[PDB]
Structure formats: structure tokens, C-alpha cells
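Asks: Here it is, the structure in full.
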Ligand SMILES: *[C@@H]1O[C@H](CO)[C@@H](O)[C@H](O)[C@H]1NC(C)=O
Ligand SMILES: *[C@@H]1O[C@H](CO)[C@@H](O)[C@H](O)[C@H]1NC(C)=O
């Protein structure tokens, strides 16, 4: 799974089966990292109009 | 993919199914890749 974003701590109580999370666009918004099983939230990098 | 979803609920109703809502969490995602068309459940006898 490829993508760009800032990986941050999260407070979403994922259930054991649950691995990733999806937004309205179906783009991944949270992911469970392998090896360490922690849940990292994926927040798109800051952007806007110059 | 043979999916087993399971839920355990503490109930106190005597005869029929209780009326309510309980979502079944996925328990086992099983990689078998075989044909299944017929099933049979297993019970346990009591001997005295
Ligand atoms: C390796 O990944 C597994 C999960 O697939 C995890 O249980 C285990 O702790 C990991 N080991 C190391 C050394 O990261
Ligand atoms: C499964 O078995 C039934 C009869 O045993 C057969 O009609 C059916 O085509 C089979 N399906 C597959 C995917 O093999």
C-alpha cells in the first residue's frame, strides 16, 4: 500500500481483526504497522492555495 | 476464503431466540480453497 502523509498517534480503538481504515474517498486514513502491531493514523500533508 | 464470524452473548431467555441487536465479530479467516455444498453439526452425548 503506497501513499503520502504524516503518521501520527491515534485514539481509535481498533478491534483485533481490524487493520486499516478508509475515508469517504476510500483512501487509507489509518493503518496497522506490521512487526509492532501499533495503529498509526495517516493524515494528508498540509496543502493549500498560494 | 472460509469466513467464520462469531459472537457470544449472555442471555437468560428460556426457549426461543432473544430479540435484539448484536454484531458478529469476524473470528477466523480460513484459507481452504475447497468446494463446500453440505454441512452437519456435531453434538455430544451424555452417558450414565
Ligand atoms: C514480527 O511480526 C509479527 C507479526 O507478523 C510480530 O508478532 C512479531 O513480534 C514481529 N517480530 C519482530 C522481531 O519485529
Ligand atoms: C461443488 O460441488 C458440486 C457438486 O458436488 C458441483 O455441482 C459444483 O460445480 C462444485 N463447485 C466447484 C466450484 O467446484
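Residue numbers (the entry's author numbering), protein chains in the order written: chain C, 546 to 595; chain A, 200 to 247. We put the beta carbon where it would ideally sit given N, CA and C, even for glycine.
1) Here's the rule: buried if 16 or more other CB atoms are within 10 angstroms of the residue's CB, otherwise exposed. What is residue 575 of chain C?
2) Is residue 582 of chain C helix, strand or coil when you go by DSSP?
3) Just mark residue 587 of chain C as buried or exposed, buried being the case when its beta carbon has 16 or more other beta carbons within 10 Å.
4) Relative to the C-alpha of residue 558 of chain C, which residue among C/595, C/591, C/577 and C/581 is closest?
5) My assumption, with CB atoms under 8 Å, is that residue 223 of chain A sits in contact with residue 204 of chain A. Please give the rounded CB distance.
6) When the distance is taken between beta carbons, is residue 221 of chain A closer than 8 Å to residue 208 of chain A?
Replies: In short:
1) buried
2) coil
3) buried
4) C/577
5) 4 Å
6) yes
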